[PDB]
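Coordinate inspection notes
Residue-level listing of the chains:
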Amino acid sequence: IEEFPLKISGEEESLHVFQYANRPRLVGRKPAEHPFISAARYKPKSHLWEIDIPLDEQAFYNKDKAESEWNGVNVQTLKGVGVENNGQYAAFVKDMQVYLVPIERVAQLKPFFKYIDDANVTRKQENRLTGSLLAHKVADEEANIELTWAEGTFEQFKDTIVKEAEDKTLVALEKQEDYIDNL
Amino acid sequence: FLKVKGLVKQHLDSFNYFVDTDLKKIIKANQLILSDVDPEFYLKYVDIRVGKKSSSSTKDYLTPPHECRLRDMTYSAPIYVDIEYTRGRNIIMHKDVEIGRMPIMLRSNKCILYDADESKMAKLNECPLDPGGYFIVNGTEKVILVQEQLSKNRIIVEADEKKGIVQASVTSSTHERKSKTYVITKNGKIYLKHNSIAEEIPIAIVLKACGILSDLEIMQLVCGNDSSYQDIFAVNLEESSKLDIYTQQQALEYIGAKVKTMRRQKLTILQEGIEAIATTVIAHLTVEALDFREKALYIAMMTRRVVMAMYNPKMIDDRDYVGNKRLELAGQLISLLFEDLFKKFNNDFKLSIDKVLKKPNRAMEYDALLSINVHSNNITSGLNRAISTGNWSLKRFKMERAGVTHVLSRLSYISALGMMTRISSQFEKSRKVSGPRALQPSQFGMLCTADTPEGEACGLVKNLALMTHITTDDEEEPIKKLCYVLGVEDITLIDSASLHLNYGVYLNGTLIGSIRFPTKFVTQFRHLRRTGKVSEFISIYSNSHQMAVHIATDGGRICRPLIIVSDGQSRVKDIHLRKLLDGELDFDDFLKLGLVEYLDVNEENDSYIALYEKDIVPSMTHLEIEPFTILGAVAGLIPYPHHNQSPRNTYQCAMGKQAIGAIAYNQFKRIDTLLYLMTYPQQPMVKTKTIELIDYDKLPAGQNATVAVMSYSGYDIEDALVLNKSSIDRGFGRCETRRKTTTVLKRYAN
Amino acid sequence: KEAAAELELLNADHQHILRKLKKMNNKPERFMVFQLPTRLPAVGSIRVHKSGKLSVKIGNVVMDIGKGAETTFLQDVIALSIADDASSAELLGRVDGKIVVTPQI
Amino acid sequence: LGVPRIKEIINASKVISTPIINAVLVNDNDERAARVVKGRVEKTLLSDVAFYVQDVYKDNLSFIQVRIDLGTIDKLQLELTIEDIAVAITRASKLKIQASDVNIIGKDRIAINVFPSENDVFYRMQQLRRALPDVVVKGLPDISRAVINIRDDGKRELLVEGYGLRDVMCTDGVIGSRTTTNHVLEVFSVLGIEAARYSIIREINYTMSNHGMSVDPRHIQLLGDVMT
Amino acid sequence: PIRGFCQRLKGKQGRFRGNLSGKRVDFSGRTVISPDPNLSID
Amino acid sequence: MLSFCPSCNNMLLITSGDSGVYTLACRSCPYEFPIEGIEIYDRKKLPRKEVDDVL
Amino acid sequence: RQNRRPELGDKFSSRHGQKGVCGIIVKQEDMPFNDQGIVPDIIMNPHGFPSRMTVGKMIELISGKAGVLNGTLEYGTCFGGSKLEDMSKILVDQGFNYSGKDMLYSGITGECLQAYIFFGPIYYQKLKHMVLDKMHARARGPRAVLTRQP
Amino acid sequence: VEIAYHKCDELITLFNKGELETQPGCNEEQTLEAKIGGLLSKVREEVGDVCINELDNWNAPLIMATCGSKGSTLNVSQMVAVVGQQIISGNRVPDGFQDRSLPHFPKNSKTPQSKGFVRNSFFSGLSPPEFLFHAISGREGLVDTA
RNA sequence: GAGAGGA
DNA sequence: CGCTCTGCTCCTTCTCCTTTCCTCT
DNA sequence: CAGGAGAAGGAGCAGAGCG
Ligand SMILES: CCC[C@@H](C)[C@H]1CC[C@H]2[C@@H]3[C@H](O)C[C@@H]4C[C@H](O)CC[C@]4(C)[C@H]3C[C@H](O)[C@]12C
Ligand SMILES: CCC[C@@H](C)[C@H]1CC[C@H]2[C@@H]3[C@H](O)C[C@@H]4C[C@H](O)CC[C@]4(C)[C@H]3C[C@H](O)[C@]12C
Ligand SMILES: [Zn+2]
């Protein structure tokens, strides 16, 4: 009976969503775990993400073969492709109401074995081209614009909340049946 | 239903849809011809029409079908295309020129007999009761028989226990490529054979190459959480590390190394291998992006089906199941033939243009449209010859089919009507295989359960029933958006762990996503279909053995109308029948008002159908309009067929075509090779509700003999009869045989 | 059978998501992801009814009665942003669950 | 028993579908005798008397442990011991790769040790673990199943689906003078050519009599003589 | 489809099975059959 | 073995490490496991069914 | 054009799979006749029924006789059609037996047939397999050029 | 037929909710199929014998079966009384759908009149599912010959 | 040549 | 005492058959 | 287009003898 409103804000350019296919939620009642993250590489016009998570060497690192077969690798590389999916909105609660924001991009990150490729290419060294191949060409022609990280924020929340229902946008010429017909 | 959608409607509707859509589709496909020299010279096919010179305002004059039949000509209409040819002064000019003559199917949107009523037909020497749907080529009535085939782009898994081998082949069929991607099981190890790769590639490697490289999401996409499946699939998960550990690029390189496909231009082995996954592996799905999750999950579902078959047989699907088969009519075959002929014509025209323009100087462009009229004989000659001889020679697919067209049978009226609406099995002989020749219960209402050439095609050749409508490709893109609105998460937003915890909705064979509450989704989609939001032929159903909500939209599915019943009671409500009998609600407002709906073979799995209104328990969701529509046009001849033994009904269906009698109203204005006629045909005493609809009481083949069932004279021991003289004298069984003899006074070259 | 179990599961998801919305009123870093039909019918309110029934509206009067997406887990999902190709990719936090809405009849 | 059976006898095929070995027991007045003999002539896999299989590593070695449950052995009254199972595994390791050492720790817990190059131990041990609970421990490794059937007048005999006629005749608990299979070539191999002729004639006569047709036996005898 | 001597000999319609062991014979007819009880057997 | 390593999720492999010590780890990962003897059992409980006794 | 007469040996079907050949053509007076003088056009043997179970044909005969006596065309349709009880009522109203079995007089001895005879109109259709097109005989004539065989 | 249907229905519910005593050779489902097939054969034989004994003198099918001129007592029993079981390939009709024979029966239904039983004689007239099952058997025979 | 009865 | 032929035995991949004809067209 | 059955080469081990 009690009204529980929600309002959609502006686009605020594009905010993406990362999904770690490998990292699960905690088996306990407190799934507040998040690995240390740094060295994020983005790639536009092909929608590529590369997230690097360093690993602690005091627990199950195998210091010998890591440098014997590869270089000084201590961080697994999570690569992902940002797929577009309309209708996906992220919601957060500031007051009794709910604030929504478009997502327009979701990426599932999976481990990438860059060191294996590097080792193979080092060991080996001693015309439309249409279709997805062309896209792959871009993916390995120019890429890897560097980017930083930031843990915790408030300016995004403030810029999403300053809408304060100034443009309620309640005007709607259609009705239930019209919307059903024009899905 | 038969007034709005006649018995011969597969051929008519398919040909009309062809001439209305596929002509322009092929035109826009091959809309441009280029050259290495003279970059400012191109031909643009703006528009194409059949029998319509420019505006005209009137269909061009066609030779009447009977005149074509008598003169041994070919019934056809001209094809007029638009022309855009440039000039050295860079001036674009337009023209409308004939490009050939396409044969016209009788009683189609192009034939003159379209909407002719008992006076135009009489003036054109055409029988009003003639079925139509057949071509007149070289003065011969040739009909393109409906071809049945396995469903394209669908998974068919057969467990060959004879060796312990199971498989997951898919005959993906595109407009250009058609290839089978089998997923066999050898040495307890799942593979993936192909006609373009070398030998038995392990499944783990192809799954890594398709994007799912985690090596644990494989176990969550092929086994879910069943312990009895993981141990079965654990055997082949270690082949991605036994040879050596793999990454996505390494797996692509490995699959491309053994690719047998040749490259006409130099491409890297990894580059080719990506192609081998991009398009070559599954022609059905082309992943022209940076994410291959759809193809990877498709292969994962194929492997899941294979593992399900491995753990316990009897979970496979029968190939002979009617819902697994599609029917291709004359329209699609003619579309293929015309596309091949048109591409050959364009290649020849471009070669001739390059040859003429090769001269360095004075390369005139005036009268550039001479070679097109020179070659316009080639297209029509090839079309007529391919239709007449029945040998459909194609090169794009390297497909050769023989006996597609049959000479229309003229013995009785029912023979000519039953040759139409006939289905030919794709199997050549099926010597001892008693599978495709059996009577599958799934064809109830879809195929005539009594009419079948007895003998050596006894089970291969089948005939359509009365209540039966063949589907056509409605849509594919809008339904994805409709599903996403309906509340299924996309395929790129569901983790592999929870992918097998709830029903996943498959749209036309390819996984789209997973949606909770499958019953609500199915009910809402069916309501949307009934209220008219989507096409009536889009069939959605639920499979529970593998949790799925399948949606089928492609044409060729066999559908029949059924009365929708709500909780406990029907929806006709006894007042819509009154309006139907009055003259309104011509079975189309019945679909618009959601009283009846088309069920195909697969959607009947989810339904509970009542034979009669008095049997409706408050759980059934459909009602039979009438149970006597399970028999075709021929089988409607039998009186009280539900009392006879089934082989008797089959023999009657076989021998009713070869019963002499009235053939057509113009049977005396007709010169055919061999006509049998009855002097005094008589309407049957014991009629049938079917024979009124097919007009068998207006052109009967038989007489009401006063039979006395009695052993008499001894000359009637084994099936022999005792005809009564003094009745033969008065005229009883009197018949006539008409035979034509043709003579051509050819003019020799001398 | 199927309908009754579906209704019970829908009621359970309604009460569970109401509890989740009440619980995540604190806003340290948590989000939630909504799926909506496209074309933007044109906001409204997620009006809760008696006996734990939840429904939404838009500027047009339309009661999209669809609540409760997959309870999928063991896939750590977090949300980030992009700011004009400059120093960007600010971690906006993780999401608790997912909601999918659907127009009804 | 239709046309395909006559075709199989006529063509003298080396393999036929559903070959049935009728074996008559020496003592068939009690089911206790009828089941102790049956267990000797069945493909009794390890899986039915393994009760679990595990793969256990150590600091520098690894092995496979399977504890045979004596309860099922006693309830199935099989005549075999731990040493019998071990020697059966070693002898049937023809299908497997290699097996030379078997140990017993207590209450029949057989351990098979695999010791050797990178990943060879792990892959070999995994394959051995997968292929361990299917080695025929007791019986004849050419038999799908065997069922005790009760004849009229109280007699009973065992019907076997397989190709082990010589072994079935040899094993104790049955009378070898009366034990016959459907397969003609098997009878030819194990009992001379005259027995093959007798089997051909008798099987053709039985097939054409079960179908109710009246063909004189002399034509069948002529056919058998022509074949043999 | 060249008809090699092997094609001319082998097959169901080859010389051995179409012309040597079973030929077409003269002084033969083929017609429909009807009963005739008044006609004696033989 | 049928075990998967965190941060790699590939299948676990037993390798003859230094001095012939069987170490459990995954390729393509900076991960190992000093072996405790793996006394955690990979036991497969074979689905034996009911049996009947006459003797 | 060629006008053909139903010669002996022509194939007639019965719309129930009871295909047969014209065994004999007998004169009208050498035929059974009822009280009204009707002689049958076709005398089908009764042995075609007991092993082929064409009860639909018997029901067709009764329905046809009742309809023609009532001056209407009866319906034999799958799962329905004119019920047998109504047709038998019509048949007994006109003075005929309820089962359609009249009592005939032998046409050659002129006495009653000691069993009532199933008698009525059945829709018989003449098939195209006529003996005139199938009779074929050879003594000498054309021989194959290759093997010198007929 | 009602008694046989009642017995088959109680056997079906016993197989569903609980378990039935499996025959020494087959499994549970095959035991159920064999038991219901035997029961249907017995009831058909009994009603056929009743019909044959109740058939009067001077009956044309009866005479043609007694003298052996055409047919037998089974044919006249099917024409008059009942044509019980339409066995195809040595067993009852297979499943033409998911856990069903026809869409006119409940899912997972094994009772007679739903898996190839024709309680209607040819004189009475076949019900649509019975007609389809008989057509399946007839086409099986026709294909078998060729 | 190949399309189909037919027994 | 390993080494090196023979020899045997699988194992795989290959080849030759599927009524009668009896018509028409 | 399926089904059945042989003949012919690789290929992997026992077995024998040996300098
Ligand atoms: C796994 C493959 C099974 C099958 C191909 C093999 C495995 C065992 C073989 C039989 C036995 O050798 C005993 C007999 C020997 C005689 O000489 C010829 C017949 C005989 C029955 C054999 C036939 C055939 O050769 C069998 C069935
Ligand atoms: C995050 C804390 C680190 C530590 C507690 C975690 C991280 C990696 C985990 C091991 C691996 O998963 C591989 C094995 C899987 C088997 O199922 C159980 C044993 C096994 C050795 C695990 C034990 C334990 O669970 C480990 C050591
Ligand atoms: Zn690892």
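Residues numbered from 1 in each chain as written, not as in the entry; some residues may be left out. Chains lettered and ligands numbered in written order. Part of a larger assembly, values for the part shown. Heavy atoms only, no water.

The record in UniProt for chain F states the following under Subcellular location: "Nucleus, Nucleolus". UniProt annotates chain F under Sequence similarities with the comment "Belongs to the archaeal RpoM/eukaryotic RPA12/RPB9/RPC11 RNA polymerase family." (UniProt positions renumbered as here; feature names shortened; annotations may be inferred.)

Around DNA strand J, the neighbouring residues are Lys429(B), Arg431(B), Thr673(B), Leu674(B), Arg739(B), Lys10(E), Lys12(E), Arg17(E), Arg24(E), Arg30(E) and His136(G). Of everything in DNA strand J that lies within 4 Å of the protein, sugar and phosphate atoms constitute 85%. Contact distances for DNA strand J include 3.3 Å between a base nitrogen and a side-chain N or O atom of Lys429(B). For DNA strand J, a phosphate oxygen lies 2.8 Å from a polar atom in the side chain of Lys12(E). Here the residues of the surface near DNA strand J sort into one nonpolar, two polar and eight charged. (Near = heavy atom within 4 Å. Polar contact = N/O pair within 3.5 Å; in protein donor to acceptor, adjacent residues only side chain to side chain. Nonpolar A, V, L, I, M, F, W, Y, C, P; charged D, E, K, R; others polar.)

This brings us to the packing of aromatic side chains. The description of two aromatic rings rests on the distance between their centres and on the angle between their planes. A full pass over the atoms with the stated rule returns 27 aromatic pairs over all chains. Seen from their ring centres, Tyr229(B) and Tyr311(B) are 5.1 Å apart, and the 45° between their planes marks the pair as tilted. Of the two residues, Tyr229(B) is situated in helix α6 (residues 227-233) and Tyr311(B) in helix α10 (residues 293-311); the sequence distance between them amounts to 82 residues. Relative to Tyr123(D), the ring of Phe122(D) has its centre 5.9 Å away and its plane inclined at 55°; by these criteria the two rings are tilted. Comparing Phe122(D) with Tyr123(D) shows no difference in burial state: the two are buried. Between the NZ or CZ atom of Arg43(F) and the centre of the ring of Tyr52(D), over which it lies, the distance is 4.1 Å. Above the face of the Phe12(G) ring, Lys126(G) is positioned so that its terminal group lies 4.8 Å from the ring centre. (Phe/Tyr/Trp six-rings, centres within 6.5 Å; stacked < 30°, edge-to-face > 60°. Helix = DSSP H or I, 4+ residues; strand = E, 2+ residues; numbered from the N terminus. Buried < 20%, exposed > 50% of the residue type's maximum accessible area, 1.4 Å probe, protein only. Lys NZ or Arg CZ within 6 Å of the ring centre and 35° of its normal.)

With that settled, consider the packing of helix α18 (residues 646-655) of chain B against helix α5 (residues 128-145) of chain H. Axis separation between α18(B) and α5(H) bottoms out at 8 Å; the angle between their running directions is 70°. The orientation of α18(B) relative to α5(H) falls into the category roughly perpendicular. Between α18(B), through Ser646(B), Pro647(B), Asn649(B), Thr650(B) and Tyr651(B), and α5(H), the contact on the second element is made entirely by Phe131(H), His134(H), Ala135(H), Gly138(H) and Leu142(H). A breakdown of the residues in the contact of α18(B) with α5(H) according to their chemical character gives five nonpolar, five polar and no charged. (Axes fitted to C-alpha atoms, helices over the stretch in contact; angles between N-to-C directions. Parallel < 35°, antiparallel > 145°, perpendicular 65-115°, else oblique. Contact = heavy atoms within 4.5 Å.)

Below, the discussion takes up the interface of chain B and chain F. Each side of the interface is counted separately: chain B has nine residues, and chain F has nine residues. When the two sides are added together, the surface that chain B and chain F hide from each other amounts to roughly 810 Å², 69% of it contributed by carbon and sulfur. The largest contributions to the chain B side of the interface with chain F come from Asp215(B), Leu216(B) and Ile245(B), which together make up 48% of the buried area. Remark: the boundary between chain B and chain F carries zero salt bridges. Between the two partners, chain B and chain F, sit zero residue pairs in polar contact. When grouped by side-chain class, the residues that make up the side of chain B that touches chain F number five nonpolar, two polar and two charged. (Buried area = accessible area lost by both parts, 1.4 Å probe. Salt bridge = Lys/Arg side-chain N within 4 Å of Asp/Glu carboxyl O.)

Looking now at the protein's contact with RNA strand I. Taken together, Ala402(B), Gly403(B), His406(B), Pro453(B), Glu454(B), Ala457(B), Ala654(B), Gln658(B), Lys11(G), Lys19(G) and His129(G) are the residues near RNA strand I. Taking all atoms of RNA strand I within 4 Å of the protein, the share assigned to sugar and phosphate is 89%. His406(B) places a polar side-chain atom, nitrogen or oxygen, 3.1 Å from a sugar or linking oxygen of RNA strand I. Here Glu454(B) contributes a backbone N or O atom positioned 3.1 Å from a phosphate oxygen of RNA strand I. Each residue belonging to the surface near RNA strand I can be placed in one class, and the counts come to four nonpolar, four polar and three charged.

Moving on, we get to the coordination of the zinc ion (ligand 3). In an ideal octahedron of six donors the angles at the metal are 90 or 180 degrees, and in an ideal tetrahedron of four donors they are 109.5 degrees. Residue and element names in this part refer to chain F. At this site the zinc ion (ligand 3) is bound by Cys5 (SG), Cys26 (SG) and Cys29 (SG), with donor distances of 2.3 to 2.6 Å. Motif for the zinc ion (ligand 3), donor spacing along one chain: C-x20-C-x2-C. Accessibility classification places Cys26 together with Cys29 in one group, the buried group. (Donors = N, O, S within 2.8 Å, 3.2 Å for Na, K, Ca; no water.)

What follows deals with the interface of chain G and chain B. At the junction of the two partners, chain G supplies 77 residues and chain B supplies 73 residues. When chain G packs against chain B, close to 7,300 Å² is buried across both sides, 59% of that on carbon and sulfur atoms. The three residues of chain G that bury the most area against chain B are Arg15(G), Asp41(G) and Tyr123(G), which together make up 10% of that side's buried surface. Across the contact surface, chain G and chain B share three salt bridges. In this structure, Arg739(B) and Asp133(G) form a salt bridge, with 3.8 Å as the shortest nitrogen-oxygen distance. Classifying every residue of the side of chain G that touches chain B by side-chain character gives 38 nonpolar, 24 polar and 15 charged. Relative to strand β3 (residues 20-26) of chain G, strand β30 (residues 721-724) of chain B is paired through four bridges, and the arrangement is parallel. Looking at β3(G), one finds that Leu723(B) is bridged to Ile25(G). (Pairing = 2+ DSSP bridges.)

What follows is about a nonpolar patch on the surface. Taken together, the side chains of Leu32(B), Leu34(B), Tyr42(B) and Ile92(B) make up a nonpolar region of the molecular surface, amounting to roughly 360 Å² of accessible area. Mapped onto the elements, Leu32(B) comes out in strand β1 (residues 32-33). (Patch = residues over 30% accessible without salt bridge, like charges linked within 9 Å, V, L, I, M, F, W, Y side chains within 5 Å. Areas by Shrake-Rupley, 256 points an atom, 1.4 Å probe, with all protein chains shown as cover.)

Residue and element names in this part refer to chain B. Overall, antiparallel pairing links the three strands, which are arranged β3-β4-β5 in an open sheet. Lying at the two open borders of the sheet, with one neighbouring strand each, are β3 (48-50) and β5 (93-103). Sheet twist, expressed as the average angle between the axes of neighbouring strands with direction ignored, equals 20°. The pairing of β3 with strand β4 (residues 76-85) spans three bridges and is antiparallel. Looking at β4, one finds that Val50 is bridged to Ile79.

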